[PDB]
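The next block holds one structure in the form of structure tokens; read it before the comments.
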Amino acid sequence: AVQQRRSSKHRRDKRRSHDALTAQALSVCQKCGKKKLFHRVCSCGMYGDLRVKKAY
Amino acid sequence: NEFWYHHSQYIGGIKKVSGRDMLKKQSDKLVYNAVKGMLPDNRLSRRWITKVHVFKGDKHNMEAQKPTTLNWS
Amino acid sequence: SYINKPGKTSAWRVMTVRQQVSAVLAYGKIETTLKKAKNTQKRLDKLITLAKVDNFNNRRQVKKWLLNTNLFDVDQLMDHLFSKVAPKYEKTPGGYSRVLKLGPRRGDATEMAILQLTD
Amino acid sequence: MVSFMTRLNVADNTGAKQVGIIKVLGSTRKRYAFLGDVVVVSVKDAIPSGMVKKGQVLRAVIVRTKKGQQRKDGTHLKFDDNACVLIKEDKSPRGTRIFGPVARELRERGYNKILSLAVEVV
Amino acid sequence: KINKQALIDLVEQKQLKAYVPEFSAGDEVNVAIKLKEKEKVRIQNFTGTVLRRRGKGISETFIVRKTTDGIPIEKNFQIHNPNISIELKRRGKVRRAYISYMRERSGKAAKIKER
Amino acid sequence: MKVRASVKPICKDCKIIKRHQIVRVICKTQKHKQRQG
Amino acid sequence: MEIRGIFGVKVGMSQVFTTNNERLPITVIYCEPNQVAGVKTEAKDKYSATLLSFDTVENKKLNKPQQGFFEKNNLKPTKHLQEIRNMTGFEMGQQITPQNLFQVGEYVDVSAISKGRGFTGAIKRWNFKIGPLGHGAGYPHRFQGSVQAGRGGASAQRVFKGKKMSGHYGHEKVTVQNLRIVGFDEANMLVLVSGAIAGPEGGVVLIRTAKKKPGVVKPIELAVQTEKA
RNA sequence: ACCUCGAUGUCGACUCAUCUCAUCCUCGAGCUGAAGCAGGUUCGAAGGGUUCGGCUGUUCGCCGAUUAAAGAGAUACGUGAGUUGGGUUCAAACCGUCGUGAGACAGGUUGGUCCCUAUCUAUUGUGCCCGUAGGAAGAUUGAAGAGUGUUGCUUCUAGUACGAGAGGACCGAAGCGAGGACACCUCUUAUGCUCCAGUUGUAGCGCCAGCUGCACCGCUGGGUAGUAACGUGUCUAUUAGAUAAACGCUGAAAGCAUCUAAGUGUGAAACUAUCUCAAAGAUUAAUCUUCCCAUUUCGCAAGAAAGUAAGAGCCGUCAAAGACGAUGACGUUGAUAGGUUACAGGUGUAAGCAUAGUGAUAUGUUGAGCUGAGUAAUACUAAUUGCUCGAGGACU
RNA sequence: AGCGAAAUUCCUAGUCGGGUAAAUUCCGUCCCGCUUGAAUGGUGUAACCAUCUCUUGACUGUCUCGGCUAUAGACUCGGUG
């Protein structure tokens, strides 16, 4: 439908208080120092030191 | 004469309880609602009513709080 | 609504899966979507464990599952798989390919993955 | 499964071709013509050489179900057609000699005459 | 945590029959029904062509197509049904587990068998 | 049993009572037993 | 009281032949021997219930607080713990079996968790009915209809609470009353339950002594075949 | 002619049904000019249920066909931000009539007439945060309660009671169980478009066998786990308390009778329940237990700094969850999941190798070929070397 | 003359048969004619209406009774919004 009365600006801010994403993971890479994500590849090209990607 | 009649937002189970039936299941909400019947709808209404700790026995859980032993308060 | 972009239809999905498995057989590794990468790994493992016989029967059967690409066509991918890809990894019970998770996409932040062939 | 006005077959010497369900009698609002229950049907096509003609409302006992139901016995209760016997307003059909398999679930309400009027019981 | 998904057949093995085949449906089988009649206890056979071959244990069903008194009957008979004896009679030349070209034949004829 | 707004002797012996705040006439014969008097 | 409870994991649905040469719909549930973590009285923790611990597994992913709970109640590490409501039996540290809790074919009540379907509307939850849609059906084609209760303040000016609107279907515990027990198998610690009981291929099942037909028993046990190859 | 025309969307239907019970039934008895087998009235009773269609368009109104029951009404003569315009009647036209006419009939008919991205609230589930009253950790007495809370059929009983006599059973027991709610995919099926097996070709893999992109899954058949009914399985009933209508016993008033007035009772699906339950955001923020520490030291105590030494979470193979998050099994330590063996289950004796059939096709290769969802073993792979939340018992 | 409740007629849900299991809507016919009725035509129209009133069959999910498979999606993530 459509709204009768406008949702407030502060009501909008309070409603949008839970649109943000959830927390993420952190992982230490032993060979190439970086705080990457869990079961992801770092910018150094390695998932947990398996050289599986290029430099970029 | 005085039964106890209640109807929340739920429908189809309108609660009508006799005096002897109240003694079988629950008795604290009796005095709870009786006292809250003298409380205006405000911020501390349901906060004022919790100060009326309704018990069916002579003891209470707040004996460690130094209760004033008296009668008819 | 009515007629518009078809999208990911079942026929299109299976054709894309065939194209991706042919691409991972030709180029070796493929950077694609994680859900597509895992299906491609599954099909590649099935093809590797099917091609250990190296007979015309598997040629005809896999003929319905490979789609030609830039480098390799269907019957050249046949010989490629039957010669080097399948026998190289048959020494182990499974694990003919590995999928690893990558970062998101620039414009659409799509979680991607990389699929490689290994023992 | 047979439902309201789901035309079903007649397999006895009655003089009618097709019968359509009008209601189900027995318990309250059965709404499904299963084996073991007598139903009321209407005839929209009937030869004038029998004792029943077009336009009348008769009764039938369904004895064969094409899709059928999962019978408690162990084998899926299944026939080759949704077949019934157009009865003469009782447990017995209008035919003097009954041909074809007869439902074994009819015993919950009777209908023993359909079985006893035939040499075999399937 | 731990899963087995093998007890599905185990519940059925306590009284599983030893026949329990897995073949190409389309054969001709006769199944007998022991009618414990008051007089002349009867063994009423129920013969017909197989149509579908399904079953995950004691639920190994198969459809038998008979015709009695001009009325046909396709019964989804269970192999392990008590008071039911099941035997396999004819193994015809069949390339499927669901055929219908055997159902469009006429009388006074015969079918070829597998070579 | 019944419903009325006044109860009077109906039969030869139809006594008038006040049962559950309801004035009634009840006879030794079960016929003449009304309510709501 | 009369409430005797057993737990298990449903490995799916099957079939088997019961007495009188009749087949019954069979849900197959594996049962692990239980051990009671507590008997809570109406004056102990204010509730009458029996907390049983089952599914003995490795302690790598368990709670050390739960481990000590087991120890001070003389138990072993278990994956699952559950309180049956309205009971005072099952003395602490007892390995219970369904043989002493039920009969082979007695009437019981079985609770089970439905297969997860996510947020499925009330039409598939409460099994509404739809009439004929011939000669036009409007812009939509599926809806549960009206919840009208007053417009303005005349009768309700609201929607009656408990209205059957779109929600969650599946993964909701359901109790079927007075169903007979098909078969036990203490060699493999397995149970067969009659009817079409809830549970995915991996769901859980609780069996309790019936409260309307506790002692009523009729045979649906395993039926020997009169013709075995 | 009023709150309402600087509008207050209505007829009817489908669905959702709820409610008061001046009751249809069930449940219960009285009264009975009730002969019995069954019951006429009455109330208690909202607790549940309380027909399908052809036809005026439609439930309803005619007719046919149903059970113990197919309710007395409101919810804007319920419904329309859930649906429809069905006909009067739209924009057009006809038919009989009228008006010389625009046109009209408290006349009939066809063409043909309804928007909603839900802000809150009402409401169904899942959430983040915090409190969750030491962290974590399991479970609930409970606060506002709702749903099944409906119930028949068959047989014996028994030709005995009741009538008198034909008549003639409820009563007692048993099974089947119909709406409603509940769920399952086990049998069956529909599907299963990552399975197999046939199929007409375009067009091809240079060609042909085999198939290929495609042709409504290209066609349709069976079909993995399946999902759902096209199917299965349940239950209501009964009951405890107190009552109602009802029947009362002593028994007064009224020295006697006599349900209430003091005593002594039953009684219904009606109230709580009894069949099913669980919720402390119940801020009424709760109780118990457990692992941990409480290591001398610092908010209108977060027991400060060593804020774990205990636990959980992040994330992945995934679903057991699930709108999405969350939640949960397993995490190189492993069967938690993917792939391999066997394959479960299913398709259904692949193909050529040579022959038979002249040929479609088949045969030693064959229950092999295969299984996408799935199964027991299988590190072969994935789940990380990993990181985060995370205690000194708050306040009494 | 002819006509009929006929797109039509308060009485009228006309009536008879048929259609329809079921018929006020429909056909033929008798016709309670505010009101038929003769080129505002009475009136059958074989053929047919991109209109209609009703019945029905091969045939189908329109339905008794809906269900699964794939999706553009919606739910989620990202860009604009």
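Each chain of the structure tokens is named A, B, ... in the order shown, its residues numbered from 1; ligands are numbered from 1 in display order.
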(Q) I need the chain A residues near chain H as a PyMOL selection string; criterion: at most 8 Å, counting only C-alpha atoms (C1' of nucleotides). (A) chain A and resi 1-7+18+22-30+37-39+48
Serialized selection, N, CA and C atoms, as a JSON list (two decimals), in the first residue's frame:
[["chain", "number", "residue", "atom", "x", "y", "z"],
["A", 1, "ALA", "N", 0.82, -1.20, 0.00],
["A", 1, "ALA", "CA", 0.00, 0.00, 0.00],
["A", 1, "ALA", "C", 0.86, 1.26, 0.00],
["A", 2, "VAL", "N", 0.29, 2.36, 0.50],
["A", 2, "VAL", "CA", 1.01, 3.62, 0.65],
["A", 2, "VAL", "C", 0.85, 4.08, 2.09],
["A", 3, "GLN", "N", 1.78, 4.93, 2.52],
["A", 3, "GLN", "CA", 1.75, 5.43, 3.89],
["A", 3, "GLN", "C", 0.75, 6.57, 4.00],
["A", 4, "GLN", "N", 0.02, 6.61, 5.11],
["A", 4, "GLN", "CA", -0.79, 7.79, 5.42],
["A", 4, "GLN", "C", 0.08, 8.91, 5.97],
["A", 5, "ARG", "N", 0.71, 8.67, 7.11],
["A", 5, "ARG", "CA", 1.59, 9.64, 7.73],
["A", 5, "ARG", "C", 3.05, 9.29, 7.46],
["A", 6, "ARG", "N", 3.88, 10.32, 7.34],
["A", 6, "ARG", "CA", 5.28, 10.11, 7.03],
["A", 6, "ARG", "C", 6.01, 9.50, 8.22],
["A", 7, "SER", "N", 6.85, 8.51, 7.95],
["A", 7, "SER", "CA", 7.78, 8.01, 8.96],
["A", 7, "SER", "C", 8.83, 9.08, 9.22],
["A", 18, "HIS", "N", 19.65, -1.18, 11.34],
["A", 18, "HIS", "CA", 19.97, -2.60, 11.24],
["A", 18, "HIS", "C", 20.13, -3.04, 9.79],
["A", 22, "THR", "N", 26.72, -7.65, 8.99],
["A", 22, "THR", "CA", 27.16, -8.34, 10.19],
["A", 22, "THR", "C", 28.69, -8.32, 10.22],
["A", 23, "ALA", "N", 29.26, -8.67, 11.37],
["A", 23, "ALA", "CA", 30.71, -8.65, 11.55],
["A", 23, "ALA", "C", 31.36, -9.71, 10.65],
["A", 24, "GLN", "N", 32.65, -9.54, 10.40],
["A", 24, "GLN", "CA", 33.39, -10.40, 9.50],
["A", 24, "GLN", "C", 34.46, -11.15, 10.28],
["A", 25, "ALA", "N", 35.15, -12.05, 9.60],
["A", 25, "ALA", "CA", 36.19, -12.88, 10.20],
["A", 25, "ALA", "C", 37.57, -12.29, 9.93],
["A", 26, "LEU", "N", 38.56, -12.82, 10.65],
["A", 26, "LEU", "CA", 39.94, -12.38, 10.52],
["A", 26, "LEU", "C", 40.86, -13.59, 10.53],
["A", 27, "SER", "N", 41.91, -13.54, 9.71],
["A", 27, "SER", "CA", 42.80, -14.68, 9.56],
["A", 27, "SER", "C", 44.23, -14.19, 9.35],
["A", 28, "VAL", "N", 45.17, -14.79, 10.08],
["A", 28, "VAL", "CA", 46.58, -14.45, 9.93],
["A", 28, "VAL", "C", 47.22, -15.37, 8.90],
["A", 29, "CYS", "N", 47.91, -14.77, 7.93],
["A", 29, "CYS", "CA", 48.63, -15.52, 6.90],
["A", 29, "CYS", "C", 50.09, -15.65, 7.34],
["A", 30, "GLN", "N", 50.58, -16.89, 7.39],
["A", 30, "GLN", "CA", 51.89, -17.15, 7.98],
["A", 30, "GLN", "C", 53.02, -16.64, 7.09],
["A", 37, "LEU", "N", 40.51, -12.61, 5.26],
["A", 37, "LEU", "CA", 39.27, -13.20, 5.73],
["A", 37, "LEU", "C", 39.38, -14.72, 5.78],
["A", 38, "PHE", "N", 38.47, -15.34, 6.53],
["A", 38, "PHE", "CA", 38.52, -16.77, 6.77],
["A", 38, "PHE", "C", 38.07, -17.56, 5.55],
["A", 39, "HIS", "N", 38.91, -18.52, 5.14],
["A", 39, "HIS", "CA", 38.73, -19.29, 3.91],
["A", 39, "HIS", "C", 38.56, -18.37, 2.70],
["A", 48, "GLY", "N", 45.71, -19.07, 2.79],
["A", 48, "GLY", "CA", 46.42, -19.81, 3.85],
["A", 48, "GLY", "C", 47.74, -20.38, 3.35]]
Q. Where in chain E does DSSP assign strand (DSSP E or B), given as an MDAnalysis selection string?
A. chainID E and resid 28:35 42:54 61:68 71:78 84:90 92 113
Q: Do me a favour and pick out the residues of chain G within 10 Å of chain B, using only C-alpha atoms, as a ChimeraX atom specification.
A: /G:158-163
**Q.** Straight-line distance linking CA of residue 89 (chain C) with CA of residue 119 (chain C), stated in Å to one decimal
**A.**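 According to the coordinates, CA of residue 89 (chain C) and CA of residue 119 (chain C) are separated by 4.8 Å.
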(Q) I need the alpha helix (DSSP H) residues of region 16-131 of chain G per DSSP on the backbone, written as a list in words. (A) residues 64, 65, 66, 67, 68, 69, 70, 71, 72, 98, 99, 100, 101, 122, 123, 124, 125 and 126 of chain G
Would you mind exporting N, CA, C and O atoms of the selected residues as a compact mmCIF listing (two decimals), in the first residue's frame?
# COMPACT_ATOMS: atom_id res chain seq x y z
N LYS G 64 32.17 -27.56 28.57
CA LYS G 64 32.79 -27.93 29.84
C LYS G 64 31.81 -27.72 30.99
O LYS G 64 31.77 -28.54 31.91
N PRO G 65 31.01 -26.64 31.00
CA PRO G 65 29.91 -26.59 31.97
C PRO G 65 28.96 -27.77 31.85
O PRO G 65 28.54 -28.33 32.87
N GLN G 66 28.62 -28.19 30.63
CA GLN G 66 27.80 -29.40 30.50
C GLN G 66 28.56 -30.63 30.95
O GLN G 66 27.96 -31.56 31.51
N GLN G 67 29.88 -30.66 30.74
CA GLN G 67 30.69 -31.79 31.21
C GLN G 67 30.62 -31.91 32.73
O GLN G 67 30.41 -33.00 33.27
N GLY G 68 30.79 -30.79 33.44
CA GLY G 68 30.66 -30.82 34.89
C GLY G 68 29.25 -31.13 35.34
O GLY G 68 29.05 -31.78 36.38
N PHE G 69 28.25 -30.67 34.59
CA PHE G 69 26.86 -31.06 34.85
C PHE G 69 26.72 -32.58 34.80
O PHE G 69 26.06 -33.18 35.65
N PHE G 70 27.35 -33.21 33.80
CA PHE G 70 27.32 -34.67 33.71
C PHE G 70 28.06 -35.31 34.89
O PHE G 70 27.59 -36.30 35.46
N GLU G 71 29.21 -34.75 35.25
CA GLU G 71 30.04 -35.35 36.30
C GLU G 71 29.34 -35.33 37.65
O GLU G 71 29.26 -36.35 38.34
N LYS G 72 28.82 -34.16 38.05
CA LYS G 72 28.20 -34.08 39.37
C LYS G 72 26.85 -34.79 39.40
O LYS G 72 26.32 -35.05 40.49
N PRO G 98 13.21 -48.17 25.64
CA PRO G 98 11.76 -48.15 25.35
C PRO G 98 11.04 -49.43 25.73
O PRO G 98 9.80 -49.41 25.85
N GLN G 99 11.75 -50.55 25.91
CA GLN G 99 11.09 -51.80 26.27
C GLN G 99 10.40 -51.70 27.63
O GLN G 99 9.27 -52.17 27.79
N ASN G 100 11.06 -51.08 28.61
CA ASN G 100 10.47 -50.91 29.93
C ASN G 100 9.56 -49.70 30.02
O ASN G 100 8.83 -49.56 31.01
N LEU G 101 9.58 -48.81 29.03
CA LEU G 101 8.75 -47.61 29.05
C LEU G 101 7.44 -47.77 28.30
O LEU G 101 6.45 -47.12 28.67
N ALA G 122 0.35 -18.96 5.33
CA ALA G 122 -0.68 -19.68 6.07
C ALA G 122 -1.51 -20.60 5.19
O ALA G 122 -2.15 -21.52 5.71
N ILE G 123 -1.51 -20.37 3.88
CA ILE G 123 -2.27 -21.24 2.98
C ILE G 123 -1.73 -22.67 3.05
O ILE G 123 -2.49 -23.64 3.13
N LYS G 124 -0.40 -22.81 3.03
CA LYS G 124 0.20 -24.13 3.18
C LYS G 124 0.39 -24.52 4.65
O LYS G 124 0.66 -25.69 4.93
N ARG G 125 0.25 -23.58 5.58
CA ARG G 125 0.32 -23.86 7.00
C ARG G 125 -0.99 -24.34 7.59
O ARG G 125 -1.01 -25.33 8.32
N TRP G 126 -2.09 -23.66 7.28
CA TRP G 126 -3.40 -24.00 7.83
C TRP G 126 -4.31 -24.71 6.84
O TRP G 126 -5.45 -25.02 7.20
Check which residues of chain H sit at most 7 Å from chain D using only C-alpha atoms (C1' of nucleotides), and return one row each with the closest pair of atoms and their distance in Å to one decimal, ordered by chain and rising number, as a tab-separated table.
residue	atom	partner	partner_atom	distance
H:65	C1'	D:22	CA	6.2
H:66	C1'	D:23	CA	6.4
H:67	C1'	D:28	CA	5.0
H:152	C1'	D:27	CA	6.3
H:153	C1'	D:27	CA	6.8
H:154	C1'	D:109	CA	6.8
H:176	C1'	D:108	CA	6.6
H:178	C1'	D:27	CA	4.8
H:179	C1'	D:29	CA	6.9
H:187	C1'	D:76	CA	5.8
H:188	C1'	D:76	CA	6.3
H:230	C1'	D:1	CA	5.9
H:231	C1'	D:69	CA	5.1
H:232	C1'	D:70	CA	6.7
Set out as a tab-separated table a contact list for chain H and chain F with a cut-off of 10 Å, giving each residue of chain H that qualifies its closest atom pair and distance in Å to one decimal, counting only C-alpha atoms (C1' of nucleotides), ordered by chain and rising residue number.
residue	atom	partner	partner_atom	distance
H:29	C1'	F:1	CA	9.2
H:30	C1'	F:1	CA	5.7
H:31	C1'	F:31	CA	6.1
H:32	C1'	F:31	CA	7.6
H:41	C1'	F:2	CA	8.3
H:42	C1'	F:1	CA	4.5
H:43	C1'	F:1	CA	6.1
H:245	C1'	F:1	CA	6.7
H:246	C1'	F:1	CA	7.6
H:258	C1'	F:15	CA	8.5
H:259	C1'	F:19	CA	7.9
H:260	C1'	F:19	CA	7.0
H:261	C1'	F:19	CA	9.3
Those same residues, written as a PDB file, in the first residue's frame with N, CA and C atoms (P, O5', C5', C4', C3', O3' and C1' of nucleotides)?
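Result went into again_1.pdb, see below:
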ATOM      1  P     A H  29     -29.425 -37.624  30.572  1.00  0.00           P
ATOM      2  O5'   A H  29     -30.698 -36.920  31.230  1.00  0.00           O
ATOM      3  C5'   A H  29     -30.935 -36.998  32.629  1.00  0.00           C
ATOM      4  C4'   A H  29     -31.723 -35.813  33.138  1.00  0.00           C
ATOM      5  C3'   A H  29     -33.221 -35.824  32.875  1.00  0.00           C
ATOM      6  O3'   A H  29     -33.946 -36.638  33.782  1.00  0.00           O
ATOM      7  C1'   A H  29     -32.356 -33.709  32.315  1.00  0.00           C
ATOM      8  P     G H  30     -35.447 -37.093  33.432  1.00  0.00           P
ATOM      9  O5'   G H  30     -36.327 -35.795  33.720  1.00  0.00           O
ATOM     10  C5'   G H  30     -36.355 -35.212  35.014  1.00  0.00           C
ATOM     11  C4'   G H  30     -36.920 -33.812  34.990  1.00  0.00           C
ATOM     12  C3'   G H  30     -38.353 -33.679  34.513  1.00  0.00           C
ATOM     13  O3'   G H  30     -39.290 -34.000  35.525  1.00  0.00           O
ATOM     14  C1'   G H  30     -37.023 -32.036  33.464  1.00  0.00           C
ATOM     15  P     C H  31     -40.452 -35.067  35.236  1.00  0.00           P
ATOM     16  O5'   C H  31     -41.728 -34.160  34.955  1.00  0.00           O
ATOM     17  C5'   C H  31     -41.727 -32.778  35.272  1.00  0.00           C
ATOM     18  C4'   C H  31     -42.500 -31.994  34.246  1.00  0.00           C
ATOM     19  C3'   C H  31     -43.445 -32.803  33.376  1.00  0.00           C
ATOM     20  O3'   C H  31     -44.651 -33.175  34.022  1.00  0.00           O
ATOM     21  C1'   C H  31     -42.202 -31.354  32.010  1.00  0.00           C
ATOM     22  P     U H  32     -45.087 -34.724  34.078  1.00  0.00           P
ATOM     23  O5'   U H  32     -45.569 -35.047  32.596  1.00  0.00           O
ATOM     24  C5'   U H  32     -46.494 -34.205  31.928  1.00  0.00           C
ATOM     25  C4'   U H  32     -46.313 -34.274  30.434  1.00  0.00           C
ATOM     26  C3'   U H  32     -46.508 -35.642  29.799  1.00  0.00           C
ATOM     27  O3'   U H  32     -47.868 -35.987  29.606  1.00  0.00           O
ATOM     28  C1'   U H  32     -44.523 -34.683  28.972  1.00  0.00           C
ATOM     29  P     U H  41     -39.191 -29.716  20.230  1.00  0.00           P
ATOM     30  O5'   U H  41     -39.652 -28.709  21.374  1.00  0.00           O
ATOM     31  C5'   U H  41     -40.791 -27.878  21.206  1.00  0.00           C
ATOM     32  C4'   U H  41     -41.287 -27.374  22.536  1.00  0.00           C
ATOM     33  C3'   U H  41     -40.215 -26.805  23.451  1.00  0.00           C
ATOM     34  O3'   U H  41     -39.952 -25.439  23.177  1.00  0.00           O
ATOM     35  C1'   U H  41     -41.558 -28.343  24.656  1.00  0.00           C
ATOM     36  P     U H  42     -38.447 -24.918  22.982  1.00  0.00           P
ATOM     37  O5'   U H  42     -38.180 -24.032  24.278  1.00  0.00           O
ATOM     38  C5'   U H  42     -39.216 -23.777  25.216  1.00  0.00           C
ATOM     39  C4'   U H  42     -38.749 -24.048  26.623  1.00  0.00           C
ATOM     40  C3'   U H  42     -37.246 -23.978  26.832  1.00  0.00           C
ATOM     41  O3'   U H  42     -36.789 -22.650  26.995  1.00  0.00           O
ATOM     42  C1'   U H  42     -38.105 -25.928  27.866  1.00  0.00           C
ATOM     43  P     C H  43     -35.904 -21.948  25.853  1.00  0.00           P
ATOM     44  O5'   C H  43     -34.634 -21.420  26.653  1.00  0.00           O
ATOM     45  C5'   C H  43     -34.781 -20.915  27.969  1.00  0.00           C
ATOM     46  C4'   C H  43     -34.139 -21.825  28.986  1.00  0.00           C
ATOM     47  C3'   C H  43     -32.633 -21.962  28.892  1.00  0.00           C
ATOM     48  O3'   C H  43     -31.958 -20.870  29.487  1.00  0.00           O
ATOM     49  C1'   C H  43     -33.612 -24.100  29.176  1.00  0.00           C
ATOM     50  P     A H 245     -30.948 -23.559  37.359  1.00  0.00           P
ATOM     51  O5'   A H 245     -31.888 -24.193  36.245  1.00  0.00           O
ATOM     52  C5'   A H 245     -32.147 -23.502  35.032  1.00  0.00           C
ATOM     53  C4'   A H 245     -32.584 -24.454  33.952  1.00  0.00           C
ATOM     54  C3'   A H 245     -33.349 -25.673  34.435  1.00  0.00           C
ATOM     55  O3'   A H 245     -34.715 -25.414  34.707  1.00  0.00           O
ATOM     56  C1'   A H 245     -31.656 -26.373  32.968  1.00  0.00           C
ATOM     57  P     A H 246     -35.333 -25.840  36.127  1.00  0.00           P
ATOM     58  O5'   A H 246     -35.071 -27.407  36.197  1.00  0.00           O
ATOM     59  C5'   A H 246     -35.545 -28.264  35.170  1.00  0.00           C
ATOM     60  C4'   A H 246     -34.887 -29.616  35.242  1.00  0.00           C
ATOM     61  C3'   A H 246     -34.991 -30.312  36.581  1.00  0.00           C
ATOM     62  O3'   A H 246     -36.261 -30.893  36.794  1.00  0.00           O
ATOM     63  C1'   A H 246     -32.781 -30.480  35.793  1.00  0.00           C
ATOM     64  P     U H 258     -41.955 -34.560  51.165  1.00  0.00           P
ATOM     65  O5'   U H 258     -41.463 -33.219  50.461  1.00  0.00           O
ATOM     66  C5'   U H 258     -42.233 -32.584  49.450  1.00  0.00           C
ATOM     67  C4'   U H 258     -41.971 -31.100  49.436  1.00  0.00           C
ATOM     68  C3'   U H 258     -40.504 -30.700  49.343  1.00  0.00           C
ATOM     69  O3'   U H 258     -40.031 -30.665  48.007  1.00  0.00           O
ATOM     70  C1'   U H 258     -41.523 -29.538  51.132  1.00  0.00           C
ATOM     71  P     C H 259     -38.995 -31.774  47.481  1.00  0.00           P
ATOM     72  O5'   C H 259     -37.568 -31.094  47.677  1.00  0.00           O
ATOM     73  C5'   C H 259     -37.357 -29.732  47.335  1.00  0.00           C
ATOM     74  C4'   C H 259     -35.907 -29.344  47.479  1.00  0.00           C
ATOM     75  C3'   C H 259     -35.608 -27.854  47.428  1.00  0.00           C
ATOM     76  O3'   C H 259     -35.848 -27.198  48.659  1.00  0.00           O
ATOM     77  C1'   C H 259     -34.100 -29.004  46.024  1.00  0.00           C
ATOM     78  P     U H 260     -36.319 -25.661  48.677  1.00  0.00           P
ATOM     79  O5'   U H 260     -35.052 -24.862  48.137  1.00  0.00           O
ATOM     80  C5'   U H 260     -35.068 -23.441  48.044  1.00  0.00           C
ATOM     81  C4'   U H 260     -33.779 -22.831  48.541  1.00  0.00           C
ATOM     82  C3'   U H 260     -32.543 -23.116  47.688  1.00  0.00           C
ATOM     83  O3'   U H 260     -31.627 -22.016  47.758  1.00  0.00           O
ATOM     84  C1'   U H 260     -32.215 -23.975  49.861  1.00  0.00           C
ATOM     85  P     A H 261     -32.120 -20.480  47.767  1.00  0.00           P
ATOM     86  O5'   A H 261     -32.338 -20.160  49.314  1.00  0.00           O
ATOM     87  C5'   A H 261     -31.408 -20.638  50.277  1.00  0.00           C
ATOM     88  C4'   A H 261     -31.730 -20.184  51.679  1.00  0.00           C
ATOM     89  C3'   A H 261     -30.924 -20.855  52.780  1.00  0.00           C
ATOM     90  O3'   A H 261     -29.612 -20.337  52.913  1.00  0.00           O
ATOM     91  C1'   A H 261     -33.200 -20.800  53.400  1.00  0.00           C
TER      92        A H 261
END
Q) Which residues come within 9 Å of residue 36 (chain D), counting only C-alpha atoms (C1' of nucleotides), excluding same-chain residues fewer than 2 positions away, as a PyMOL selection string? A) chain D and resi 33-34+38+61-63+103-111
Deliver the residues from the most recent selection as a file, using N, CA and C atoms, as a short mmCIF file (atom, residue, chain, number, x, y, z; two decimals), in the first residue's frame.
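Result went into again_35.cif, see below:
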data_model
loop_
_atom_site.label_atom_id
_atom_site.label_comp_id
_atom_site.auth_asym_id
_atom_site.auth_seq_id
_atom_site.Cartn_x
_atom_site.Cartn_y
_atom_site.Cartn_z
N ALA D 33 -15.21 -40.43 -3.32
CA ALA D 33 -15.80 -41.75 -3.56
C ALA D 33 -14.71 -42.80 -3.49
N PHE D 34 -14.48 -43.32 -2.28
CA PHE D 34 -13.53 -44.40 -2.06
C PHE D 34 -14.27 -45.73 -1.99
N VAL D 38 -21.10 -46.36 -0.51
CA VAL D 38 -22.11 -46.27 -1.56
C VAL D 38 -22.34 -44.81 -1.89
N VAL D 61 -22.28 -48.44 -6.26
CA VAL D 61 -21.21 -48.83 -5.35
C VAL D 61 -19.93 -48.89 -6.17
N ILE D 62 -18.96 -48.05 -5.83
CA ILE D 62 -17.69 -48.03 -6.56
C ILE D 62 -16.86 -49.22 -6.10
N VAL D 63 -16.41 -50.04 -7.05
CA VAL D 63 -15.69 -51.27 -6.71
C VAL D 63 -14.29 -51.30 -7.28
N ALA D 103 -14.31 -54.69 -5.15
CA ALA D 103 -13.48 -54.13 -4.09
C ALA D 103 -13.57 -54.97 -2.82
N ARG D 104 -12.42 -55.15 -2.17
CA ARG D 104 -12.34 -55.90 -0.92
C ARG D 104 -12.49 -55.01 0.30
N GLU D 105 -12.62 -53.70 0.11
CA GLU D 105 -12.86 -52.76 1.20
C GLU D 105 -14.35 -52.49 1.41
N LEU D 106 -15.22 -53.12 0.61
CA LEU D 106 -16.65 -52.92 0.74
C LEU D 106 -17.21 -53.47 2.05
N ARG D 107 -16.47 -54.35 2.72
CA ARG D 107 -16.95 -55.00 3.93
C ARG D 107 -17.19 -54.03 5.08
N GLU D 108 -16.63 -52.82 5.02
CA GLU D 108 -16.88 -51.84 6.08
C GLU D 108 -18.34 -51.41 6.10
N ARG D 109 -19.05 -51.55 4.98
CA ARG D 109 -20.47 -51.21 4.91
C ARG D 109 -21.31 -52.32 4.29
N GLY D 110 -20.70 -53.42 3.86
CA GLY D 110 -21.45 -54.52 3.29
C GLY D 110 -21.15 -54.77 1.83
N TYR D 111 -22.17 -54.65 0.98
CA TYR D 111 -22.04 -54.85 -0.47
C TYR D 111 -21.49 -56.24 -0.79
#
